[PDB]
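Undergrad:
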Amino acid sequence: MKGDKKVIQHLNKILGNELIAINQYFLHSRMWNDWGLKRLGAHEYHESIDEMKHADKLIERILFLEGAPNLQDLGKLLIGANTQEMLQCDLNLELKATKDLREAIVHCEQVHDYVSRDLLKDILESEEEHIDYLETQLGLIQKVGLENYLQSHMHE
Amino acid sequence: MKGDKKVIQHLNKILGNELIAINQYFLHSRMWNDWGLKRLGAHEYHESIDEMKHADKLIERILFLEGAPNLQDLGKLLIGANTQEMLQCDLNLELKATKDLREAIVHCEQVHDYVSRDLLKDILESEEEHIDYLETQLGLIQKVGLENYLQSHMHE
Amino acid sequence: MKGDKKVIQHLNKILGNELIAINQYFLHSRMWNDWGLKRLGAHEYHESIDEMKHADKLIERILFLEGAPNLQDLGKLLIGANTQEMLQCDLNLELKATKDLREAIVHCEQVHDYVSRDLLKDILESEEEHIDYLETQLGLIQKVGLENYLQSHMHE
Amino acid sequence: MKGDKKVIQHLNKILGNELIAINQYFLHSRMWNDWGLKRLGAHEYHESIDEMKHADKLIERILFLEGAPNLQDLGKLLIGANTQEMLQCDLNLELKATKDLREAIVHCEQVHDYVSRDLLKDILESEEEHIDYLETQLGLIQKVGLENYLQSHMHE
Amino acid sequence: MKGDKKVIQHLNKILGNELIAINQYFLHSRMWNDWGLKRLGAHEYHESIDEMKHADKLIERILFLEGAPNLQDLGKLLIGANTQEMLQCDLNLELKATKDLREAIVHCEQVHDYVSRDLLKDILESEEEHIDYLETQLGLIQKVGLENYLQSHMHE
Amino acid sequence: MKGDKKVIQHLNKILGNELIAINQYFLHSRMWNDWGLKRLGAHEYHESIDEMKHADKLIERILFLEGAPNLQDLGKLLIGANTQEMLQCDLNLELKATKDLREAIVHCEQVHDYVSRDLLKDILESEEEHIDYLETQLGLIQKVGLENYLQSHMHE
Amino acid sequence: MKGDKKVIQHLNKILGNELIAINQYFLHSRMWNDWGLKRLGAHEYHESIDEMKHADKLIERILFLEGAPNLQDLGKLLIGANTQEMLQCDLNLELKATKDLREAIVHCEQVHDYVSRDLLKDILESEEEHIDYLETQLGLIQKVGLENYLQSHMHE
Ligand code: HEM
Ligand code: HEM
Ligand code: HEM
Ligand code: HEM
Ligand SMILES: [K+]
Ligand SMILES: [K+]
Ligand code: NA
Ligand code: NA
Ligand code: NA
Ligand code: NA
Ligand code: NA
Ligand code: NA
Ligand code: NA
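Protein chains in written order, with PDB author numbering: chain S, 1 to 156; chain T, 1 to 156; chain D, 1 to 156; chain C, 1 to 156; chain B, 1 to 156; chain X, 1 to 156; chain W, 1 to 156.
#1: Going by C-alpha to C-alpha distance, which of X:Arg102, X:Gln88, X:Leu27 and X:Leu146 sits closest to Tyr133 of chain X?
#2: Would you call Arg30 of chain X buried or exposed, if buried means 16 or more other Cβ atoms sit within 10 Å of its Cβ?
#3: Taking 8 Å as the threshold (beta carbon to beta carbon), is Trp32 of chain W in contact with chain C?
#4: Quick one, are the C-beta atoms of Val7 of chain X and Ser116 of chain X less than 8 Å apart?
#5: Looking only at its own chain, which residues have a Cβ that is under 8 Å from the Cβ of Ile105 of chain S, when we skip the five neighbours before and after it?
#6: Measuring only the C-alpha atoms, how far is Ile20 of chain D from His130 of chain C?
#7: Under 8 Å, CB to CB, which of the residues in the segment 140 to 151 of chain C have a partner in chain W?
#8: Buried or exposed, going by whether 16 or more other CB atoms sit within 10 Å of the CB of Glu94 of chain W?
#9: Can we say the segment 71 to 84 of chain X touches the segment 45 to 53 of chain W, given the rule of at least three CB pairs closer than 8 Å?
#10: Would you kindly check if the distance between the Cβ of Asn70 of chain C and the Cβ of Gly16 of chain C is under 8 Å?
#11: Do you know offhand how far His153 of chain T's Cα is from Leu40 of chain T's?
#12: Less than 8 Å between the C-beta atoms of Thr98 of chain B and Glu128 of chain B, yes or no?
#13: Can you name the start and end residues of the alpha helix (DSSP H) that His54 of chain C belongs to?
#14: Is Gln151 of chain X near ligand 5, judged by its Cβ being under 7 Å from some heavy atom?
#15: Report all residues from its chain with a CB closer than 6 Å to the CB of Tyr45 of chain C; omit the five preceding and five following residues, and keep chain order.
#16: Mind listing which residues of the segment 30 to 60 of chain X have their C-beta closer than 8 Å to chain W's C-betas, in chain order?
#17: What is the DSSP secondary structure of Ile79 of chain W, counted as helix, strand or coil?
#18: What does the alpha-carbon distance come out to for the pair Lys57 of chain W and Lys38 of chain X?
#19: For the alpha helix (DSSP H) that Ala68 of chain C lies in, which residues bound it at each end?
#20: Alpha carbon to alpha carbon, what distance is there between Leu146 of chain C and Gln137 of chain B?
#21: Pick out every residue whose C-beta is nearer than 7 Å to a heavy atom of ligand 3: which are they, in chain order?
#22: Quick one: is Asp4 of chain X near chain C, going by C-beta distance under 8 Å?
#23: What residues in the segment 95 to 115 of chain B bring their beta carbon closer than 8 Å to a beta carbon of chain C?
#24: Between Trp35 of chain B and ligand 10, is the CB less than 7 Å from at least one heavy atom?
#25: Determine whether the Cβ of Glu135 of chain C lies closer than 8 Å to any Cβ atom of chain X.
#26: Is it true that the CB of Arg102 of chain C sits closer than 8 Å to the CB of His112 of chain X?
#27: From which residue to which residue does the alpha helix (DSSP H) around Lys13 of chain D run?
#28: Pick from T:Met1, T:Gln72, T:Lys143 and T:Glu85: whose alpha carbon is nearest that of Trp32 of chain T?
#29: Give every residue of the same chain whose Cβ lies closer than 7 Å to the Cβ of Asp4 of chain W, excluding the five residues on either side of it in the sequence, and list them in chain order.
#30: Given that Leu63 of chain X touches chain W, what residues does it touch there, using C-beta distances under 7 Å?
#31: Examine chain X for any beta-carbon lying closer than 8 Å to the beta-carbon of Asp90 of chain C, and answer yes or no.
#32: Apply the 10 Å Cβ neighbour rule to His10 of chain W and answer buried if 16 or more other Cβ atoms are within range, or exposed otherwise.
#33: For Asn23 of chain C, return the contacting residues in chain D, with the cut-off set at a CB-CB distance below 7 Å.
#34: So which residues on chain B does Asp118 of chain D lean against when the C-beta distance must stay under 8 Å?
#35: Suppose the cutoff is 8 Å on Cβ atoms and the five residues either side in sequence are ignored; what does the same chain contact list for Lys13 of chain D look like?
#36: In chain D, which residues lie less than 9 Å from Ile131 of chain B when you measure between Cβ atoms?
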């Protein structure tokens, strides 16, 4: 079904953001596992998987709309060097992702692509849940102290 | 455990090949599903998942060896425009992948990294199984005709 | 129990025929599997196993009759280059096998070895069932066309 | 996938050794059953089946590598006349088999056919287990005496 | 259904042989049990039962053919004094039984009593299996020695 | 089966290393249990058991190769006085063990003892997994602090 | 709990005896398995495991009493060259072990370490049961003959 050209551009932009997140979260996950912080590693693995599922839905929508999904252009991964940096890197990425999602939804509404809007709203809900998680973890580091926070994430 | 610098370079090169294949196969899978060739779509999805699992093991090994996994540099995806081209694109990618795997195993043997060698041999066995599948499909197109071959891949 | 010398010769001849067929059908099976014609590969494997079972019973009977089973002399395998040739090669072998089975039964009847006759009759029934299968496949190639026939034998 | 010509020659040589062993062990099995030494008959049957399984894997690998499996040439079966001779005949065959397996592995390593090497290594491990069994039986004949050894192999 | 007079005579001759065997095997069974060779006793009991079942089928066939089954004339039991002689007595009886069975089958074929032939062929197969057992036991006495052979038949 | 003298010497050296580790890990396990650090005690017990299983396989291989397993020579146990020292003692032992394993594999490859090589490679994988565990624990002591690290290992 | 220094010395002496027995019995077990005497191999394996359990309890008691368990000073293994010698080696080791256990119990009683006495009494009961097993085996070799004794220990 012939989609709106700018909608497809927006969908490819969100897809690009999800592709960055998949790799960033997968690497952070395996870094945490390497360090023995297995609870963080497992949670971050599930965040990566959730981004993979969003990327799948975007690819499927783009193809239905007769566009070309762009899996070639990978933007900058924000890789941290320690737990605090990794959480903040994920939060920085998520804040950029939600800004782009909001702009995409505006355009979908303008051209009456209500189904693409609905898909993007669902993704935005998931990304805001991730922001909640990240903000909460950074707050816990301050409340319980870093050593305790890391201790609480050694075991699954 | 401090690994050999060139082994880590080889492991990152294999990882880069797996990252290309993940995206290439995932996109091909969703293209075939879009076209209603659901048996091809499902098989290619499983091929993509298999490459994800190999990428995971490479990342884990690189981190154990105190190297930095490179998920940032994504090489050229070989995306075809019809079934015949897509299968050949996958085969071309796989033949490059096995070349690099053999060169990596040579070096692991030379520096006595026998555990990395074993991991790479297991990946190589999977990639050769993929080559067998691809060669077989291209042969079947010749034996049964393209229209019958596609028909046989409509339903799961 | 001391058997008739010419009976034992006949049983060793039939055994020789079964040993050809085991290997011919096993190789044809694995050729079909290599080509992705898995329904033909599976059926042909079961034909090979059935011949293995006949060979076992012949070996056991020869030994009971105090003869020496000959598993050393392997006659000519008739290996085809494509599906049509392979089926016809199997049929040519089977027609020779049934000729020899009938001559063996004649001699068993003449010297009153009724138990060996019964064993050979059961083998003959199986070989005639295989001829039926082979004639039917060759006829189906004519009726549905080669490409359709092969397509129908891709999936098990 | 086009294999190395000498690798394929080596694989066909190992296949030829497996085909001898299939027939030698099957006949030895049925001889032991004929004599009422059913525990030896059963064990030797399982040795024959194991060689059949190796032969299958070799045939499959040769076909993948675009070679022609040779099931036509059958080398010399070493058939004993009593239990001690039959066990030594099996051992003699196995020692030749392991020599050829090592030479095939050397060549596979030299041309970087690491998957064929791994297959041959697995077969070699099975053959060394068979050697262990055979040496152990011959040793038990010495330790418990021939009559006791045979008595212990009457019943399954 | 009025049968052929000579067929009925042959069936009564075979029945007479089965009646000798029932009693000879039953007595041997109970002699072996009395001596504490319970494995021989149980096997010989099952041989006696098998002859009882053959006698039943012969009686049934004779009555159908409107003949008079002869259960009155019992021929000479071959009773041994020790295990070796008892086995040889059974073998001697079985070799007479198979000679008579072959002669009966010849006549059934001549007069086209194909159902009686088939019954007799099934009995003949059973009697040859018994010959196999007996020859095997006598061979095992030679291979493992009498004392070990008897030891192996103390316990069921 | 007559093995290579230097292979057997290497296998006995690896065996000697495993015998040190059994006792060192078992004592460290029971020291941690005595101190109430039951999670460390249990994990270290399982490390000891894993070394026992490796020692068993080496003994079995040496005997198969007609060598004399050396369980008499016990090298120096590295026993620590506190958790930090005990982990470093285990790591020091493991790094010696992997050096010896690589040297043994080199020699096995040179003389074509591919089955002994494969055994040693499997042991090497296990020992590298143990190095990963140890390096990770030492890293966690730095990241969460010694008191938290010990607290986290009080309860199973 | 501060234990008596001489008690701790006695406990380390008993521990040293158990450590010899662990290794002696494990090696004898694997020697019997290599020779095909699998019933002896299994039984001796269980004897080795039982000694491992006693060693564990001694280590635990030493640590509770604030002593240093000595797993370093391995005494002389008594390794036989055949079944008869191996059994007598085990018996010689056990007779030394019970002598030392009795001397340790005397001292525990004298200083009122009744819990250590009870542990040693339980170990002594186990060691006397092993003596019973060993004396019985040596007696059976005399009563049934060596070849029969070994035959009875081929199969588990
Ligand atoms: C285009 C990028 C990717 C896409 C679209 C994608 C898609 C998916 C999907 C749909 C699943 C199944 C999720 C579920 O329903 O449970 C999955 C699983 C998985 N992915 Fe990805 N993925 C991508 C990249 C990656 C990468 C780069 C890695 C690792 C470096 C990875 C690792 C995994 C793993 C380990 C699994 C679980 C596989 C299993 O054990 O079943 N993925 N992926
Ligand atoms: C090219 C030579 C042969 C090949 C490749 C071959 C292969 C096989 C295979 C793959 C199986 C199934 C094994 C399993 O996974 O359970 C099998 C079974 C068997 N084979 Fe063979 N075989 C060969 C020759 C023979 C010969 C020469 C005999 C006897 C004279 C024989 C007797 C049997 C029997 C009795 C079975 C068990 C069948 C059943 O009851 O299901 N085979 N063979
Ligand atoms: C010395 C003479 C015989 C003895 C001692 C004998 C003994 C036995 C015994 C102990 C049984 C098992 C009964 C049970 O516990 O259920 C049996 C079964 C049987 N007997 Fe006899 N028998 C003799 C003669 C015969 C004869 C002469 C015939 C037929 C003409 C015969 C036909 C049968 C049949 C048909 C069975 C059942 C077998 C089955 O289907 O399991 N018996 N006999
Ligand atoms: C200080 C010396 C040793 C101690 C304290 C020790 C302790 C133990 C313990 C407590 C068990 C578990 C027993 C149970 O409850 O089932 C065990 C199992 C075992 N031990 Fe030892 N052991 C020692 C030395 C050895 C040696 C030297 C070997 C072989 C060379 C060995 C081989 C084994 C094996 C194979 C198992 C069974 C493991 C399994 O499959 O679960 N042990 N040991
Ligand atoms: K805490
Ligand atoms: K005996
Ligand atoms: Na479509
Ligand atoms: Na193919
Ligand atoms: Na042995
Ligand atoms: Na009696
Ligand atoms: Na026989
Ligand atoms: Na304490
Ligand atoms: Na680490």
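Even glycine gets a Cβ: it sits at the ideal position worked out from N, Cα and C.
TA: Taking the geometry as given:
#1: Out of X:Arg102, X:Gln88, X:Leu27 and X:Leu146, X:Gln88 has the C-alpha closest to the C-alpha of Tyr133 of chain X.
#2: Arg30 of chain X should be labelled buried.
#3: The beta carbon of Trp32 of chain W does not come within 8 Å of any beta carbon belonging to chain C, so the residue lies off that interface.
#4: In contact: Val7 of chain X and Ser116 of chain X (Cβ atoms closer than 8 Å).
#5: Taken in chain order, the residues that qualify are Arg117, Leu120, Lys121 and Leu124.
#6: CA-CA distance, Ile20 of chain D to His130 of chain C, rounds to 27 Å.
#7: Hits within the stretch, in order: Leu140, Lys143, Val144, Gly145, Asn148, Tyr149 and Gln151.
#8: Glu94 of chain W should be labelled buried.
#9: With the cut-off at 8 Å, the segment 71 to 84 of chain X and the segment 45 to 53 of chain W do not touch.
#10: Yes, Cβ-Cβ distance for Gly16 of chain C and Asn70 of chain C is below 8 Å.
#11: Going by the C-alpha atoms only, they are around 6 Å apart.
#12: If you check the CB distance, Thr98 of chain B and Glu128 of chain B come in under 8 Å.
#13: Counting along the chain, the unbroken alpha helix (DSSP H) around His54 of chain C starts and ends at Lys38 to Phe64.
#14: Yes, the beta carbon of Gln151 of chain X sits closer than 7 Å to at least one heavy atom of ligand 5.
#15: Taken in chain order, the residues that qualify are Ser29.
#16: For the segment 30 to 60 of chain X, the residues whose beta carbon sits under 8 Å from a beta carbon of chain W are, in order, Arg30, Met31, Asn33, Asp34, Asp56, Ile59 and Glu60.
#17: In the structure shown, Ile79 of chain W sits in coil (DSSP, three-state: anything other than H, G, I, E or B).
#18: A direct Cα-Cα distance of roughly 16 Å separates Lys57 of chain W from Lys38 of chain X.
#19: Taken as a continuous stretch (DSSP letters only), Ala68 of chain C belongs to no alpha helix (DSSP H), as it is neither H nor E.
#20: About 17 Å.
#21: Every residue whose Cβ sits closer than 7 Å to any heavy atom of ligand 3 is listed here in chain order: B:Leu19, B:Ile22, B:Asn23, B:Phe26, B:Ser48, B:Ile49, B:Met52, B:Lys53, B:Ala55, B:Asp56, B:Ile59 and B:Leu71.
#22: Judged by the 8 Å Cβ criterion, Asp4 of chain X is not in contact with chain C.
#23: Answer set for the segment 95 to 115 of chain B: empty.
#24: Result yes, Cβ under 7 Å from ligand 10.
#25: Yes, its Cβ sits closer than 8 Å to a Cβ of chain X.
#26: In this structure, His112 of chain X sits near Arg102 of chain C, with a CB-CB distance shorter than 8 Å.
#27: Taken as a continuous stretch (DSSP letters only), the alpha helix (DSSP H) holding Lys13 of chain D covers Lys5 to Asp34.
#28: Nearest option by C-alpha distance: T:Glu85.
#29: Short of 7 Å from the beta carbon of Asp4 of chain W, and not among the five residues preceding or following it, lie these beta carbons of its own chain, in chain order: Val111 and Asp113.
#30: Close to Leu63 of chain X, with beta-carbon spacing below 7 Å, are these residues of chain W in chain order: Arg30, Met31 and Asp34.
#31: So, not an interface residue.
#32: Residue burial is scored here from C-beta neighbours: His10 of chain W has at least 16 other C-beta atoms within 10 angstroms and is therefore classed as buried.
#33: At a C-beta separation below 7 Å, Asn23 of chain C has these neighbours in chain D: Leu71.
#34: By Cβ distance, chain B contributes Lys121 and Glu125.
#35: Excluding sequence positions up to five before and after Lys13 of chain D, its CB lies within less than 8 Å of the CB of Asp100 and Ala104, all in the same chain and listed in chain order.
#36: Contact annotation for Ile131 of chain B against chain D: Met1 and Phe64 [CB-CB distance below 9 Å, chain order].
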